[PDB]
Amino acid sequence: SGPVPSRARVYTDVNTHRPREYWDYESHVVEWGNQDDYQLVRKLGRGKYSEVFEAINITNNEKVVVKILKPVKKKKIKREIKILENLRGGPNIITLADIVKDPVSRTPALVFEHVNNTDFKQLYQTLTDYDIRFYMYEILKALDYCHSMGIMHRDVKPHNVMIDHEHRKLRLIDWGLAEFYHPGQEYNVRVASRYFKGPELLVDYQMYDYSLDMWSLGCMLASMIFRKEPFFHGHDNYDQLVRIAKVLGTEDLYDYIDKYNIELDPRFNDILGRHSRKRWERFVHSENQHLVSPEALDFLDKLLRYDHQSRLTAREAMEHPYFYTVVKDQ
């Protein structure tokens, strides 16, 4: 008598038709390379799950990136590895170049191709209207590819899109939260970063799919065209849904949760309020108007839907008039 089930409207059964080995990552046997090939140069960052270093492959003198892991849910290791191997060579997907055992941590270190990135806080202040469209199309190539392979990223955000602006090149990175989509499976709602979490996550609906990534992409688009970082600025996961409802309105939120027979956390009773849907022109002003067009707003509107089933798919998104002005290569 609980929630109504949901299925992806595209690529629904891709994994069910595959051999066990494609998606059964627990059974994957890791192929190890030689750690002596790599010399660490510069620490680039630390997450809760890993440390990331710039390095050099001493054999070819080529720059490289080393991610040294250590989870508590150790099955994440084989999941990330199998996903990266499955997706290797896809459009705009970061390439896993090697897997080595780190002598100090005694855990797997993932070795990736290098990308000469510019800081998004810096880059998202320079992007022209043309450049926003161009780079959005490139991200879509990556998302359609992984969705078609039966994989959802689940952590789409500006930090995970590495851009070499000089060569106009883009890579979707950090597949540590990525998962195989199986119809009917319930998933953990504690994925994605706060500002990019889809309404399905925020209302604790577990039977979600590829469409989660399209919400996240919509948040990125809104932040770029409106020059507002982040677009939905929640203090916590609960306030995050309130911020969304202040733009999309509460009546469509209740319509969404009623469709799937979901009950909001009663915590919302005294914080959600009653809000109308805003027209997107509300967010336009003299400083962002050169980035806004009727095409931009229409495309945005079709990504940022409460109902995960109603959002544009990656392939449909690439069909949108927003991308008509973009020169396609080649």
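The first residue of the shown sequence is 1; numbering continues from there.
A.B. asks: Averaged over C-alpha atoms, is the B-factor higher for 88 to 96 or for 203 to 211 in this PDB entry?
C.D. replies: Higher of the two, by average CA B-factor, is 88 to 96.
A.B. asks: Going by the mean C-alpha B-factor recorded in the entry, which is higher: 60 to 68 or 301 to 309?
C.D. replies: Averaged over C-alpha atoms, the B-factors run higher in 60 to 68.
A.B. asks: Say you rank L241, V191, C146, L127 by Cα B-factor from the PDB entry; which sits at the top?
C.D. replies: Across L241, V191, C146, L127, the entry lists the biggest C-alpha B-factor for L127.
A.B. asks: For the listed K76, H233, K197, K246, which has the peak Cα B-factor recorded in the PDB entry?
C.D. replies: Checking the PDB record, the top C-alpha B-factor among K76, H233, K197, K246 is at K76.
A.B. asks: Would you please rank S216 by its C-alpha temperature factor against the other modelled residues of its chain and give the third it falls in: lowest, middle or highest?
C.D. replies: For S216, the deposited C-alpha B-factor lands in the lowest third.
A.B. asks: How does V10 rank on Cα B-factor within its chain, lowest, middle or highest third?
C.D. replies: It belongs to the middle third of the chain when residues are ordered by C-alpha B-factor.
A.B. asks: Lowest, middle or highest third: where is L110 by C-alpha B factor in its chain?
C.D. replies: Middle third by C-alpha B-factor.
A.B. asks: What third of the chain does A222 rank in for C-alpha temperature factor, lowest, middle or highest?
C.D. replies: CA B-factor rank for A222: lowest third.
A.B. asks: Lowest, middle or highest third: where is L123 by C-alpha B factor in its chain?
C.D. replies: Ranked within chain, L123 CA B lands in the highest tercile.
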